[PDB]
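This report refers to the structure that appears directly beneath it.
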Amino acid sequence: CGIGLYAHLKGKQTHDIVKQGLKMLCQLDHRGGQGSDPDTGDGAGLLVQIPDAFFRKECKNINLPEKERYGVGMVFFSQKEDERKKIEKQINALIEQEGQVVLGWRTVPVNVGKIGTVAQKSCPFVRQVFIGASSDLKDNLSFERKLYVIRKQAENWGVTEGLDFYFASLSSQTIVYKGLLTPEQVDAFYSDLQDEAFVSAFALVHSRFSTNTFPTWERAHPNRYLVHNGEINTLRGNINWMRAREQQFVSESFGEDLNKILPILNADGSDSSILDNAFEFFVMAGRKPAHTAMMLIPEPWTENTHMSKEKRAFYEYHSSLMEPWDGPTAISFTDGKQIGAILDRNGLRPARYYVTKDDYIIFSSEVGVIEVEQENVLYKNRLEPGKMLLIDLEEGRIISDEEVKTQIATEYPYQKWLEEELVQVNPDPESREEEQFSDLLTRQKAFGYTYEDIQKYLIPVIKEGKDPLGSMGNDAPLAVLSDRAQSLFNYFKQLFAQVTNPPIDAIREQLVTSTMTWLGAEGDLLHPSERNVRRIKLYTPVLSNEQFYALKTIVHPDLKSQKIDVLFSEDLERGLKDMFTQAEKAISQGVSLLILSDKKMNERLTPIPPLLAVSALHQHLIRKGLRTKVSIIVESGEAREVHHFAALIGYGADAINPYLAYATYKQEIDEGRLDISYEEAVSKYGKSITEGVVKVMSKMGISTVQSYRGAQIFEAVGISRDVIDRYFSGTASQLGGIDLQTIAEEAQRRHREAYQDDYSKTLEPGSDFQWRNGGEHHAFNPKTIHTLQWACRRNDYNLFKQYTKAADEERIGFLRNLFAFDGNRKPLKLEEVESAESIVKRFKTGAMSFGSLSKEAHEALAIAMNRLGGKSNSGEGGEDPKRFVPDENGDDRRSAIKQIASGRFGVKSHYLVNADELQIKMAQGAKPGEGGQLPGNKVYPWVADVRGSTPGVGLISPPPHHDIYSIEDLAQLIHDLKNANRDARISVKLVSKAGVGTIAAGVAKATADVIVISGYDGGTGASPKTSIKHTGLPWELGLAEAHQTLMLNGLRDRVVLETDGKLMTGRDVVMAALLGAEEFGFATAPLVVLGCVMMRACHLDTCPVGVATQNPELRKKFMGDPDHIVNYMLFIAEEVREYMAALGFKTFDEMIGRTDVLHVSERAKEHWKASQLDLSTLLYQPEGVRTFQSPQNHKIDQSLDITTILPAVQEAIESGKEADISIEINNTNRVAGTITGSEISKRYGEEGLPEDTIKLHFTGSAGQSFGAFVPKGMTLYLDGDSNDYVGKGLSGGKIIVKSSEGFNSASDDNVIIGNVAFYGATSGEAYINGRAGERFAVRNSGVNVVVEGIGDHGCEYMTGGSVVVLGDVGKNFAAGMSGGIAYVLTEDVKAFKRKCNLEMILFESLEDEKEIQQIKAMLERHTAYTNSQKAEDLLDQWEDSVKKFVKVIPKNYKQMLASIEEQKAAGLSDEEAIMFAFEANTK
Amino acid sequence: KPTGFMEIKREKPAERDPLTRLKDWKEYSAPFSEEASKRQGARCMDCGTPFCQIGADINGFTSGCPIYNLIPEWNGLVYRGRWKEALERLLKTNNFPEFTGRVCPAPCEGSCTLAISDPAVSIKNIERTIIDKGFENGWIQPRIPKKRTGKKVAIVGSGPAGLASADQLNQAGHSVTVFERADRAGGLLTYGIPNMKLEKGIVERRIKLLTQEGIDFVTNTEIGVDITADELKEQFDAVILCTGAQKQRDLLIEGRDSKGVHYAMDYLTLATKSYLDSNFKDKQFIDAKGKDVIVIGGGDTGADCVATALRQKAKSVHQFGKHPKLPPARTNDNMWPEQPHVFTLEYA
Ligand SMILES: Cc1cc2nc3c(=O)[nH]c(=O)nc-3n(C[C@H](O)[C@H](O)[C@H](O)COP(=O)(O)OP(=O)(O)OC[C@H]3O[C@@H](n4cnc5c(N)ncnc54)[C@H](O)[C@@H]3O)c2cc1C
Ligand SMILES: Cc1cc2nc3c(=O)[nH]c(=O)nc-3n(C[C@H](O)[C@H](O)[C@H](O)COP(=O)(O)O)c2cc1C
Ligand code: SF4
Ligand code: SF4
Ligand code: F3S
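As they're listed, the protein sequences go chains A and B. Quick note, the working numbering runs 1 ahead of the 1-based positions in the first sequence. Quick note, the working numbering runs 986 ahead of the 1-based positions in the second sequence.
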């Protein structure tokens, strides 16, 4: 998986470059995984220039004109012939009517037998078509325009006919070969490639991963022009916006051909094909390829202070007319005579390229793709973010990005246009009026406010400056099942990114975010001038009362305003049609802003759900092709949560005016509460809501509000498919559900009750985040809680049965409660079924953070589960190594499931090797797309010591896995962990979601042994409240979809699904097993057994029962006992066995997957809305196998480690004697050392060996994740250049990286390491002889490193150690750095000041003699081990170097170090001094 | 970050000294001062999923406030110091705070989350303080519902249930009439419960408030022989039978025929009526100043009988009961979700 190109700059051509490109593809092959069989090709292809020599030599019956005056087509046909010749005639007719002369047709010979079975079965026919050029076509640009017109017309005719054929490419400078072929198979299949007549200038390539096991020849790229990497998270809003602008595109170059080319994009096409179509249209429109690429993929232009004014104006102008296309991507396009290469606005993929004395640029994903002469290599650079690697074959030079960008910016007076044409809407300060309705209570009840909602969501926002937190994630029944009337918002659940893309962070990565919003009407995109930018622009989506009134009162003729009453009486269809009529009438009149107002609403007129109204208006406008001419502002009372806000922006609303919330704040301030002033309160609320919207955006990964605005990132749960298609087209829904009539009835009921309200003047208490008697039902009610506790403490079975009955029946809690047994089968005696000891081995405790829990509770859980024989778990907070030895009494506190979270806090050689299985926390049920925060107050020394950080320092866990940028990286990490612990099983933790079946299939291909699907009902230590309530989906849908997709693809017999989340009863366990579960996880229930009372205050760290609090005073109140947990598990097992007797099932694998025994209960039909659900999706059993038998064969064998290193090093490791060896390593060898490190750690442990016991040498390019998990005492001399993730999870030892021996240029100035290095390491040394990549030392926690320059975001989340940069530094350095030191060398002090992020770092100059001596010793070792000229010169000029050095240290780290040093000097013990300093700091 | 539950120790209000408690027939306790009330309210920790509000039969004993008082909400308001809002929230659900606060035995105190090995928060005392301060400031005024539809319900029985039903129906807008045998409305609250617990001035004030609402009580109507059920049904659409439960079981044991043996209810009613009439100068009650007093049957009735005898200055009093003496702390077969059975040592 990846890309590649081998281009000759000066333009000279030979077959050698094509052969080298094929070799490059073959080498790149290793990154991908295995599908059904290794022979199948997941997708690959190659691109070249037109081979006129070969064509003239081979065709022999075409009078081929000169080089530039004809084009070559490539068409894929089915196996049949009648449709083939019909399409051939029709294409000839198209060409003839367009006026070009068809030269002829040709058939490409192919070797079918050289291909796997599936691709042989799907093998399509290939014919190349030659196009002529008329004398009128003077310019090749016009020729390409006509060819594009012909291709689009042919595609339109084909889709109208319904046939199945595809144009691979139709251009005069590019011909593309592709298919479901492995690279070793492509050359054999396309026998044309074997001829020695091809002469090309460049040769682009690409290999796909095929997340699903059912790809098609058409989908696989290289596409027509460009090769694409990663995924685009804005591909629904993208298509909607593009279709909207489609009807309004107008230009002169295409003339009337826009009518022919009306469909400009393939709706069914994938992200790469859609991007290629849009890019090709834009570049044919009359823009340069570089210009359109910059337009489509802009740099961060807002919030960035390192950009030139011309560039900032350029991007401000283009963002006003075209939205950005966010997501991990590495574009590499072509236009025949020019080439380019780009990374996304965040640079989430690697791209390292070479240059030689013969002008052979080698741009590829990794470094060692092909063998190159180190005596000829000239540059080893990296394509940094926001830098255009552009090549021009005719000129034969690498044109510099700086000058390309400068001249593009200066081509027009964008700065003057922005300065002049912007519209000012300065509000009048004397027009103030604090609005009041005098019906505040009535309106609040109508819109669904509650006193709980107010006092727990509005005041805390102002008090804390942020959204309030929580714990014990939502367990209330879905809105569709809840009997109480619920607003339409609850039916929509947010989404997030699991695989193929990371969840980007916001607070630390603020430079990438962009919250600029444009209001008005866009102009002519193809010929834009000043009317695209004569528009209003906002900083935040939310608005204040004064701002909203100013917008409404603006009377400028170009920017008009209209108010549309979004209300209805009886017929929702009539209301929506009337609203459409007002909208279209206003557009015809010429308005540009629409105001959807819920005001003026009385007992006879009720409000449409604002989400539904906005979605309907947006869809109608997009369909009629007028959305670009208007701006939809929304003023709805029911807008007070970040969830509601984000839903409105995502589904179309231009701005929100929470007038009801503002009036509520006015009332509270008048009463006396919330003493802060009204204006300050309004501003704080707006800022907090904008921050929440940014957080919700960061959850998914869309970093631009403009992109998210079009993007529809919600998944309706309980809305009918017909309604979704009508109004929410593109949204994903599984069960269908309620209808428009039901929604109208619900709204009318709520409105009528609220406007009746003739008994009291108070708001009924809410029950969303707390339980109040008579309110919304919750899974854990006090009845269930104390019944369970009493039964567990008494060991009585009748009480437990009563608890199960109460928990299950009497209400509708979850989807699984709608399933019932047929009841007509053959019961079997309880003594004939599998036993409880066999039952209990398939249970888990779920991840339990040591910081969140107390030591007593955690050890009780571990002891109980280990005694029972299941598999306990350890949270992301690591674990004290003292728990790896059983106690004298026989207790075993060791955790069988070691979790590898984003923090990588306790990851170490010992911590990983002493385990039984490994999980990868891709996400949790509550806060999937978010990280965490553990401030100084809550981080105690007894937690910091375990987590390997300084006491009393606020730790930050980044949301994404910085080692996971795609499924390929996920597979690489899985292989790394398997190599680290060969004797363990790898696991992944997912969350139910749309497409989770596809993600599970991709993971299974990535060779993850166990997949865990966790519903959003699961708990959490801390998370934002809206993330608690409106994130994820119930695990039932996720498990059903994953099982169906896996067993359809054929990989269900290679993985072991699991389940967790509110598994409170053996009925729930049986439901999960029938749905396809194998092992289960119980986390919330064991806490209740231990003594938790579901108080929902874990985040507060003030547990009254002392179950989730670190305070010793509260810990003294603990009363738990492992016997209670054992009794709970035994009772669950016995109840499950009783149901097994009832159902007549003999064994687990025998029952599993037998969903035919499930039918809907009559209670669902009785329910007034739950009866409208479609359950056939879950009740469906395709043929296949339904149990794990195969061993999930890994590729641990044949690795360089086992082959060469270990066989001569067993004696050294066992005898503790020194040994030296030299090895040749190529890029295929991935890890190269983790196995030896694991062996050393297992044999000895944390202590390791004496310094420099094993001295491994290496040569040539290294593989990805080289030298990961290396323990202390090892030393890896790598005399070459490496790939990403160097020294991942280091736990001691040295790593010396020096450029090749034949390389004589500035190795200290040429990059020698990949993006991320030393991620999550704990202690060690390093000496890198060159620049590093983006995000260097992401989570260094004790490793001292020496580098000559680093990329961007370097030293992001350090918590210790030190860094010594001998050169420049990228922007946003030390972003969130909460600990450690960074002696960054620099010359331009002020430029360094500007580059660094000033939030949480303090700068100094070296004055301490000990610091100076430490730096001197580090540089001395660096020179002694590397022979670096920069280091030698610095040692020589030490006198100037000490002055020129710059030191960086966080405030809290500095203060804590000073305090602990003062205490130690005073002469107090280490523990007492640490405690006293922590108390003083966090009083 | 509330920390009152561990940084504060539960206290009690200013009670009149026991040695002078036996002389004046008045309330034997007073509400908290402002600072003390704030400190006590601060103890409650914004308890999620509160166990002080379950209000359901558990193991044969009640637990949690059955009328579903918004206990966390108005405890938080009491701590914050806004009292009118707390009164409004209390009156949202409860209708007779002045009786519930100073009569109810407070199962909410016995059963809540904070009662795990620690003294519970004084829900009863906070409620009493809130209502007493509200009445003193005179924020409580008759609602006088404007809407009214001609109807007729004839609630029977002046007890707390009858009064609550009458108030709710009057707020709804249906005219009601309360038929009572005793001279004064209230039922048990007037005669059964002693003056000590419930000074009758508060009861009379609440009944006057209900009359101002328009309940229009009618006294001395036993609605039995006096008025026939058929005529009652014909003259009134519905009838809410809050008839009460006043029949007391008797001990079928020989020797219970001689004069002197009396019923607790009759004796308490006679004493309370005599006091309310002429400060027990009418000499139409049962006197025990120079005689021994024995009460059979433990519970609230026995406690009230002992207190009344003590105030009448009986020479000796002994309380008898079959149930074994309760333990001094929670036992194995008793848990905090259930009402405790620990030694209480209440008044009297
Ligand atoms: C702390 C505490 C202490 C308590 N102490 C006592 C105590 O000492 N003694 C005790 O008995 N209970 C006691 N109770 C119980 C409590 O008083 C009663 O359970 C409850 O108040 C009676 O409710 P009610 O609505 O039925 O009122 P009731 O007074 O029972 O309602 C009936 C009313 O109608 C009248 N009536 C009677 N017969 C008829 C009829 N045929 N037609 C019409 N009206 C009729 C009655 O005289 C009375 O006024 C105590 C409770 C608590 C919490
Ligand atoms: C207090 C608490 C803390 C949790 N912490 C983590 C965590 O740190 N990492 C994680 O992946 N899951 C965490 N979880 C989720 C569980 O480990 C598990 O994945 C699942 O959600 C439990 O489902 P259950 O509620 O049915 O027991 C936590 C759950 C709880 C209740
Ligand atoms: S004291 Fe008040 S809050 Fe407590 S149970 Fe009695 S009536 Fe309810
Ligand atoms: S009384 Fe107990 S259950 Fe009720 S709010 Fe206070 S701590 Fe929570
Ligand atoms: S919800 Fe958390 S705060 Fe304690 S009572 Fe339960 S562990």
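We put the beta carbon where it would ideally sit given N, CA and C, even for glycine.
- A Cβ-Cβ separation of about 4 Å places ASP1202 (chain A) in contact with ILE1236 (chain A) under the 8 Å criterion.
- Around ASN774 (chain A), the beta-carbon contacts reaching into chain B at under 7 Å are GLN1039, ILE1040, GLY1041 and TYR1054.
- Under the 8 Å Cβ criterion, the segment 180-192 of chain A counts as touching the segment 40-49 of chain A, having at least three qualifying pairs.
- Within the segment 1088-1105 of chain B, those residues whose Cβ lies closer than 9 Å to any Cβ of chain A are, in chain order, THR1099, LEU1100, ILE1102, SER1103 and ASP1104.
- Apart from the 5 residues on each side of it in sequence, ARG905 (chain A) sits with its Cβ closer than 8 Å to the Cβ of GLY1290, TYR1320, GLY1321 and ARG1340 in its chain, given in chain order.
- Counting along the chain, the unbroken beta strand (DSSP E) around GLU1059 (chain A) starts and ends at 1057-1061.
- In the three-state DSSP reduction, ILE1188 (chain B) falls in the helix class (H, G or I).
- Under the 10 Å beta carbon count, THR554 (chain A) is surrounded by fewer than 16 other beta carbons and is classified as exposed.
- No Cβ of chain B is located within less than 8 Å of the beta carbon of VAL1089 (chain A).
- If only uninterrupted alpha helix (DSSP H) runs of at least 4 residues are considered, those enclosed by the segment 1203-1287 of chain B are 1215-1221 and 1250-1264.
- When the beta-carbon positions are compared, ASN213 (chain A) and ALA1002 (chain A) come within less than 8 Å of each other.
- Judged by DSSP in its simplified three-state form, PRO1192 (chain A) adopts coil rather than helix or strand.
- Residue contact with chain B for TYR226 (chain A): absent (no Cβ-Cβ distance below 8 Å to any residue of chain B).
- Identification of residues in the segment 417-440 of chain A having a C-beta nearer than 9 Å to some C-beta of chain B yields an empty set.
- Note on the segment 1010-1054 of chain A: whole beta strand (DSSP E) runs with a minimum of 3 residues are 1011-1015, in chain order.
- In summary, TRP1169 (chain A) is exposed, with fewer than 16 beta-carbon neighbours lying within 10 Å of its beta-carbon over all protein chains present.
- Chain-ordered, the chain A residues with CB closer than 7 Å to the CB of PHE991 (chain B) read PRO1105.
- Taking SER850 (chain A) as reference, the option from A:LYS388, A:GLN900, A:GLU1302 and A:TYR686 with the minimal CA-CA separation is A:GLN900.
- Taking CB atoms only, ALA682 (chain A) has no neighbour in chain B less than 8 Å away.
- Residue-level contact check: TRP791 (chain A) touches chain B, since one or more beta carbons of chain B fall below 8 Å from its beta carbon.
- Here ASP1102 (chain A) is buried, its C-beta having at least 16 other C-beta atoms within 10 Å.
- Rounded to whole angstroms, the separation of the alpha carbons of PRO1035 (chain A) and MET701 (chain A) is 19 Å.
- Under the Cβ criterion of 8 Å, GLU1020 (chain B) is not counted among the residues facing chain A.
- Not one heavy atom of ligand 4 is found less than 7 Å from the C-beta of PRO1105 (chain B).
- Residue burial is scored here from C-beta neighbours: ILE677 (chain A) has fewer than 16 other C-beta atoms within 10 angstroms and is therefore classed as exposed.
- Secondary-structure assignment with DSSP links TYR380 (chain A) through a beta bridge to A:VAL356.
- Relative to ligand 3, the nearest heavy atom lies less than 7 Å away from the CB of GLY1087 (chain B).
- Counting along the chain, the unbroken beta strand (DSSP E) around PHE1081 (chain A) starts and ends at 1080-1082.
- Between the alpha carbons of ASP272 (chain A) and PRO504 (chain A) lies a distance of about 19 Å.
- Not a single CB atom of chain A sits nearer than 8 Å to the CB of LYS1024 (chain B).
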